[PDB]
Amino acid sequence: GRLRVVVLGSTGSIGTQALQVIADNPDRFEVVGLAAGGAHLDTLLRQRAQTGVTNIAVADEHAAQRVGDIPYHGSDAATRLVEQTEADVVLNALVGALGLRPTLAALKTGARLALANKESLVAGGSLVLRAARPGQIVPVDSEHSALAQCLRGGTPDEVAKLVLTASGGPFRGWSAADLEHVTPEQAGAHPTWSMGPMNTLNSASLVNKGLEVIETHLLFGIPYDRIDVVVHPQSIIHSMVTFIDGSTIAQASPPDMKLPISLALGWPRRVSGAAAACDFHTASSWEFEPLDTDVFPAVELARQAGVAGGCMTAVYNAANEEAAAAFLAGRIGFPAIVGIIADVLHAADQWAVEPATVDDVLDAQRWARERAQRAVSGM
């Protein structure tokens, strides 16, 4: 019975929650592979001693060294683990477009792919899709896990709009003016639950949502002018679908990535007690309000990148990563993140071409990153 799972980026936020669900359901899953950057050795050590898995991948050469006994090391350590470890599912919980190679390697083994690393799909684009077979990529991201469950009840020609909900980030309601005084402390702190750093910042910049709009077009095949976004502070409703008759179906639950993770891992069977359900034993209200595009153009920028397509989406992400890094380092301002992105994108003309090989994509991201530094150093 048990499904054989490989966890990439097991030491991270998604990763550890994934091993909890696997630990709490030994009847459904078995851990057969682990991979990490190398920055959280003690975590990785305790993960090995607990799951009893030694088939491990560590990116950092020096780190893999002082730990000893690690079969795969170096930047390709994660991709090699995938190619040589038989599994049923590969949970890609790595962060960044760097996870693009493990994703392709995973699809190529034929195993299912629990995707969390959205950047590999955004950057991969059509390249990754050709690699995947119908329904091989199961979403872990909560908006997509939701859309999936909501679409279970219908056919595409009956779908009118896909409505993605966004928390609005912690600066929701502010003006372009106020935004300029934002500091790395305010865009990486969260009052009620936690995620990784990069994903936390993108949440504040609304670029994460932009990233999810593209992930949606790619995963579900719905055109960009039929994928909506709406701010929902509570983040209880995780996404909705509107059908041609006027009916809307939506997925809801108290925030907890454990939910979409256990579903992705157990696809197509739900996992009992994976998470807590909405409690109507006590009053509450679910609010909705439109996103302010003038103050947060991030999502419009994503759509534009998407419509143009090709490696244009990889540029979008490559640019963001460089500016977000420049931002947290204290080299540029917050409004500058989206700003630097429109700049890089306005010049990405030669990249509207679909990628023929990973290389075409590495080339586009390469270009984007530099053009992004040039724009940063331009300030």
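The first residue of the sequence shown is number 1, and the count goes up from there.
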item	value
Stretch with the higher entry mean CA B-factor, where the candidates are 187-195 and 247-255	187-195
Residue stretch of maximal mean CA temperature factor, 175-183 vs 161-169	175-183
Given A314, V58, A348, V32, the residue at which the Cα B factor reaches its maximum	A348
Ranked against its chain, the third holding the CA B-factor of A36	lowest
Third assignment of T200 from its chain's C-alpha B-factors	highest
Lowest, middle or highest third - CA B-factor, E143	lowest
Ranked against its chain, the third holding the CA B-factor of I22	middle
Relative C-alpha B-factor of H232, binned into the chain's lowest, middle or highest third	lowest
